[PDB]
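K.L.:
So the protein lines, in turn, are chains A and B.
Quick note: the first sequence uses the entry's author numbering, first residue 1, plus one each step.
Quick note: the second sequence uses the entry's author numbering, first residue 1, plus one each step.
Quick reminder that beta carbons are idealized off the backbone N, C-alpha and C, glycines included.
Number of protein chains: 2
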Amino acid sequence: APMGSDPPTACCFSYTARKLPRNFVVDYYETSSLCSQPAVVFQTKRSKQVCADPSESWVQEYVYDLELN
Amino acid sequence: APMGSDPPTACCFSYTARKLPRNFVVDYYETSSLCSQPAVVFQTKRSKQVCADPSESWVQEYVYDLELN
């Protein structure tokens, strides 16, 4: 059926500059795909969501910890 | 006070390919600014929002009509 048209896309334009302490990341969220530059988004406690360069190994590590417990 | 962190940004990655008939644009919405590539978003009746290249004169014209009545 006629699906949506072509809305924008929540793509990160940059990233923070400090690794969020595990005590500051209760969850996370990934970007879209349309834009050729997706990224991982960490959800904290006194903020909302923070973009993170997947190129930083610590980002992949925190994601793994979130996949576990 | 401690504002938000650095959430993603609703930036358009592309644009439709056909001018939306005036009978298909009851309103519109502009993108953010963080990303060096903002754009205008038209709100239709059987969709939601559609990105549009501000380089197309018809896009600037429809925006003017929306600023009037």
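For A17/A, which residues does DSSP report across the bridge?
P.N.:
Paired residues: none, contrary to the question.
K.L.:
In chain order, what residues of the same chain have a beta carbon less than 8 Å from the beta carbon of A10/A, not counting five sequence neighbours either side?
P.N.:
Excluding residues within five positions, the ones whose Cβ falls inside 8 Å are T31, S32.
K.L.:
Quick one: is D6/B buried, meaning 16 or more other Cβ sit within 10 Å of its Cβ, or exposed?
P.N.:
Buried is the call here.
K.L.:
Using alpha carbons as the reference points, say which of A39/A, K45/A, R22/A, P8/A lies closest to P2/B.
P.N.:
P2/B has its Cα closest to that of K45/A, out of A39/A, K45/A, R22/A, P8/A.
K.L.:
What does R18/B touch in chain A if you count any residue whose Cβ is under 8 Å from its own?
P.N.:
Those within 8 Å of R18/B in chain A number zero; the least Cβ separation is about 10 Å.
K.L.:
Kindly indicate which three-state DSSP category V59/B falls into: helix, strand or coil?
P.N.:
If DSSP states are grouped into helix, strand and coil, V59/B belongs with the helices.
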